[PDB]
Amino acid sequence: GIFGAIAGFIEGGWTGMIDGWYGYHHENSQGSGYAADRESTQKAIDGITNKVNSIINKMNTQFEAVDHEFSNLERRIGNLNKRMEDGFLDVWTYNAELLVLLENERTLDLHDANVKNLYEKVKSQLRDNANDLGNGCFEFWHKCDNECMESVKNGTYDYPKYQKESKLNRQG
């Protein structure tokens, strides 16, 4: 993928995460699970929704094709009307199809970017208290509670609190 997270350094998606586009998976002595980041998922939904209605609103005008009759001394204006109506047809067909190909390309990268920025956000919180694996997963250098896991997702993670304990096992 283009930011490199999706079909990239995070090799696959999660059939398990049902409530959001972008999310967290955690494992600890108490269990394992999936949880969506409500903020960025909702941020994206509003984004995409806006894009889709922007496109629909702009495609709102239609061209009138008329099918008036032409006599047999009117071959030139009959032909002119046909080339005219087919010219506008060709332009709108091109507009619509091209807009869809480009927009699909950009919507995919948006999702890739948002995932990447989620990973950085956590990485930025944890620092040396955790080992960052290739695949977007962090291994804690300390025992992480459900409170601690939840503080990571909330963005309220207390780094100094675990720094010592992490230093030790990092040394073991």
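So that there is no doubt, residue numbering starts at 1 and follows the sequence shown.
When the two stretches 163 to 171 and 2 to 10 are set side by side, the higher mean Cα temperature factor goes to 163 to 171. In this crystal structure, the stretch out of 109 to 117 and 141 to 149 whose C-alpha atoms carry the higher mean B factor is 141 to 149. Annotation for residue 59: CA B-factor lies in the middle third of the chain's modelled residues.
Residue 38: CA B factor lies in the highest third for its chain, per the PDB record. The entry lists a Cα temperature factor for residue 69 that places it in the lowest third of the chain's modelled residues. Residue 133: CA B factor in the highest third of modelled residues in this chain (values from the PDB entry).
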